[PDB]
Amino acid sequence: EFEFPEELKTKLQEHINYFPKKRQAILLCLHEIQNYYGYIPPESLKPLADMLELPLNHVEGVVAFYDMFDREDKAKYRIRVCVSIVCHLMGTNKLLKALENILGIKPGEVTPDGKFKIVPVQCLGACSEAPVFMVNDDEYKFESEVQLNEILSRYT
């Protein structure tokens, strides 16, 4: 019953045709799906498996393994907050407090409107700019609540 909208199916086909072998495209495909829906729809995996010429079992195992993928919560904007050593030293907890003040949620939670989800993540490889966070693909140093509020206001 579940079918990819044509615009998405087109993009997935592009990924599948990109590498020498179709199955190599699996992660690019899952990234694309998550970008489109705000999460990985469980019902998307069987059709994807068919495009990759892989068993469903295989695709499900890959989704489970890779931490960037989320099959449970739809969110327009994922706020990834680094919780590793350097950001911890330099103020992760201030960033989290500022986020709770602005958005009213904590790590793992989604806002009621489905707009923002806070995702605790390991080192983002921007340690000199600790504490670090991303909003979908954009990445930022946290300076203060006033500063963060202005950044978040850019995402509508």
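Residue indices: 1-based, along the sequence shown.
Original post:
Do the CA atoms of 96 to 104 or those of 121 to 129 have the higher mean B-factor in the entry?
Top reply: Per the PDB record, 96 to 104.
Original post:
If you average the Cα B factors in the entry, which is higher, 111 to 119 or 83 to 91?
Top reply: So the stretch with the higher mean C-alpha B-factor is 111 to 119.
Original post:
Checking the entry, which one of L54, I26, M68, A64 has the top C-alpha B factor?
Top reply: Highest C-alpha B-factor among the listed options: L54.
**OP:** Would you check the entry's CA temperature factor for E143 and let me know if it's in the chain's lowest, middle or highest third?
**Re:** It falls in the bottom third of the chain.
**OP:** Select lowest, middle or highest to describe the third in which the CA B-factor of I16 falls within its chain in this entry.
**Re:** Within its chain, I16 is a middle-third residue by C-alpha B-factor, going by the deposited values.
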